[PDB]
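Notes for the one structure printed next.
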Ligand SMILES: *C/C=C(C)/C=C/C=C(C)/C=C/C1=C(C)CCCC1(C)C
Ligand SMILES: CCCCCCCC/C=C\CCCCCCCC(=O)O
Ligand SMILES: CCCCCC
Ligand SMILES: CCCCCC
Ligand SMILES: [Kr]
Ligand SMILES: [Kr]
Ligand SMILES: [Kr]
Ligand SMILES: [Kr]
Ligand SMILES: [Kr]
Ligand SMILES: [Kr]
Ligand SMILES: [Kr]
Ligand SMILES: [Kr]
Ligand SMILES: [Kr]
Ligand SMILES: [Kr]
Ligand SMILES: [Kr]
Ligand SMILES: [Kr]
Ligand SMILES: [Kr]
Ligand SMILES: [Kr]
Ligand SMILES: [Kr]
Ligand SMILES: [Kr]
Ligand SMILES: [Kr]
Ligand SMILES: [Kr]
Ligand SMILES: [Kr]
Ligand SMILES: [Kr]
Ligand SMILES: [Kr]
Ligand SMILES: [Kr]
Ligand SMILES: [Kr]
Ligand SMILES: [Kr]
Ligand SMILES: [Kr]
Ligand SMILES: [Kr]
Ligand SMILES: [Kr]
Ligand SMILES: [Kr]
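Residue numbers (the authors' numbering): 7 to 231.
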């Protein structure tokens with residue numbers, strides 16, 4: 007399986023990212039700051055587990071569509087189901103979002119990843135893209151609440167919080183927006199690029215969205231109470 011190279015590198019970078027965050031957090035006692043270390047280290051730990059599972063051949067299924075048997079890594083969606091809500095919780099704790107907003111984001115993130123997977127398992131080529139469209143609408147709902155709602159909340163807090171939140175907000179909009187496009191061009195969608203290139207592109211986005219995001223958050227004074 008040519009994609010195995012990117013599964014192995016993906017596992018190695020998520021694993022080292024998780025260990026990095028844990029070692030950096032050992033120099034921290036602030037209760038507020040520890041909550042962000044715990045969440046931010048768990049995200050690449052979950053991704054490490056799912057990349058290792060896919061590398062060893064677990065979390066793969068064949069879906070017939072477009073008159074072919076198509077390899078679909080469903081473990082990718084299992085990873086995203088747990089990690090995308092932890093990343094949204096990092097942002098929600100930074101701007102001290104209320105519990106209702108937190109539930110609405112988790113729910114919307116559940117629809118985004120759930121309909122993602124339904125589309126990936128859909129046997130009628132055409133309907134794959136209806137589910138992609140619903141998943142994308144849910145992502146746009148999330149990015150709207152983050153970009154407009156959370157910025158407004160962050161601007162009513164201390165400037166250190168507004169400043170860190172804006173950088174994390176900018177990275178999230180850019181990286182999250184790439185995912186639906188990679189799905190469209192990859193083996194899950196139109197099959198313009200082969201599985202091994204889809205895997206490489208998801209791996210770069212995942213490492214950027216977990217380790218990159220995590221470095222920006224945990225280097226900031228905004229996480230201290
Ligand atoms: C750690 C990984 C992260 C930040 C993953 C993000 C994943 C997405 C934003 C996925 C979104 C998708 C759509 C909006 C369209 C349909 C397919 C998905 C699931 C790739
Ligand atoms: C600049 C990046 C913004 C990304 C988050 C929003 C994603 C798109 C979702 C729905 C459309 C929102 C309408 C945007 C108009 C701008 C309004 C304003 O700046 O006052
Ligand atoms: C056929 C794979 C189903 C995915 C389980 C969440
Ligand atoms: C699906 C679009 C979400 C934006 C809310 C105004
Ligand atoms: Kr590797
Ligand atoms: Kr550690
Ligand atoms: Kr956590
Ligand atoms: Kr996991
Ligand atoms: Kr895990
Ligand atoms: Kr596994
Ligand atoms: Kr799995
Ligand atoms: Kr799983
Ligand atoms: Kr998982
Ligand atoms: Kr988990
Ligand atoms: Kr969460
Ligand atoms: Kr996020
Ligand atoms: Kr959240
Ligand atoms: Kr909710
Ligand atoms: Kr929910
Ligand atoms: Kr979720
Ligand atoms: Kr899922
Ligand atoms: Kr579409
Ligand atoms: Kr999808
Ligand atoms: Kr960015
Ligand atoms: Kr970015
Ligand atoms: Kr986009
Ligand atoms: Kr998109
Ligand atoms: Kr496409
Ligand atoms: Kr990418
Ligand atoms: Kr990227
Ligand atoms: Kr980043
Ligand atoms: Kr860090």
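By construction, the Cβ of each residue, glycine as well, lies at the ideal position given by its N, Cα and C atoms.
Across the structure, residue 143 and residue 183 are spaced so that their CA atoms are roughly 11 Å apart. The stretch 55 to 107 is shown to contain whole beta strand (DSSP E) runs of 3 or more residues at 66 to 71 and 74 to 79, in chain order.
For residue 222, the number of other beta carbons within 10 angstroms of its own is below 16, and it is reported as exposed.
As the crow flies, the alpha-carbon of residue 122 is around 23 Å from that of residue 62. Closer than 8 Å to some heavy atom of ligand 2: that describes the Cβ of residue 149. Ligand 26 never approaches residue 210 closely enough for any of its heavy atoms to be under 8 Å from the residue's Cβ. Comparing alpha carbon positions, the residue from 85, 30 and 198 closest to residue 209 is 85. DSSP places residue 157 within a helical segment (H, G or I) once states are collapsed to three. Residue 101 is classed as buried because its beta carbon has at least 16 other beta carbons within 10 Å across all chains shown. Close to ligand 10, as judged by a C-beta nearer than 6 Å to any of its heavy atoms, are the residues 59 and 64, in chain order. Counting only runs of 4 or more residues that sit fully inside the stretch 139 to 207, the alpha helix (DSSP H) segments are 157 to 161 and 165 to 191, in chain order. Relative to the non-hydrogen atoms of ligand 28, the Cβ of residue 125 never comes closer than 8 Å to any of them. Residue 92 places its beta carbon less than 9 Å from that of residue 48.
Here residue 114 has 144, 147 and 148 as same chain residues with Cβ atoms under 7 Å from its own Cβ, once five neighbours each way along the sequence are excluded. Out of 192, 186 and 174, the CA that lies nearest to the CA of residue 139 is found in 186. DSSP places residue 219 in the uninterrupted alpha helix (DSSP H) bounded by 219 to 224.
Distance from the CA of residue 133 to the CA of residue 18, rounded to the nearest whole angstrom, comes to 36 Å.
Taking the C-beta atoms as reference points, residue 119 is found nearer than 9 Å to residue 87. When only Cα atoms are considered, residue 170 and residue 150 end up about 18 Å apart.
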